[PDB]
């Protein structure tokens, strides 16, 4: 990271590997990635991505997304030989740390004002991670129906777990409740809160 270039710590390295081992591409992996990559350089981001073993389908999908974003960046911000000793503008492949050196990355990130290549690359990675999370999501919200014996709260957990991978209350949530709870919910007037709905089916 940049704090000066600090090395990624062992605690950070291990935390990212473990999260991926234990949670695959469950949605909460994304904010953990983002938090664990606080201050990160493109190199640090590549380091973190490279340490993931397995999920190589997902990881290759992630490269495709990163590429689309690199190419689009080159469209919006185009770039002879550079002025000697001066700071060049970064191409998309520089933001991803493919054609840039660590010193160049630090240069951009600490420049006054900053070209925050870390934060830009992170944004791209997260775009790709979100696409993966939807893909690895096993179920459509349309198929989250409350079991005949399922407590309302557990249903709601599934409902919103599923929804996070891809107003909700007033449409599909009541619709997809089981008959007993659906009747009770319908009897509550418009504009009922989730707290209220859950109390009423407890």
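Residue numbers count along the first chain shown, from 1.
- Coordinates are lacking for 4 to 9 deposited residues between residue 3 and residue 4.
- According to the entry, the deposited sequence has 1 to 3 residues without coordinates between residue 79 and residue 80.
- Higher average CA B factor: 187 to 195, of the stretches 187 to 195 and 174 to 182.
- In this entry, 157 to 165 shows the higher mean Cα temperature factor of the pair 44 to 52 and 157 to 165.
- For the set 118, 84, 97, 107, the PDB entry puts the maximum C-alpha B factor at 84.
- When the modelled residues of the chain are ordered by their C-alpha B factor, residue 150 lands in the highest third.
- Among all modelled residues in its chain, residue 38 ranks in the lowest third by Cα B-factor.
- Per the PDB record, residue ranking by Cα B-factor puts residue 66 in the middle third of the chain.
- Among all modelled residues in its chain, residue 58 ranks in the lowest third by Cα B-factor.
- Compared with the other modelled residues of the chain, the Cα B-factor recorded for residue 90 ranks in the middle third.
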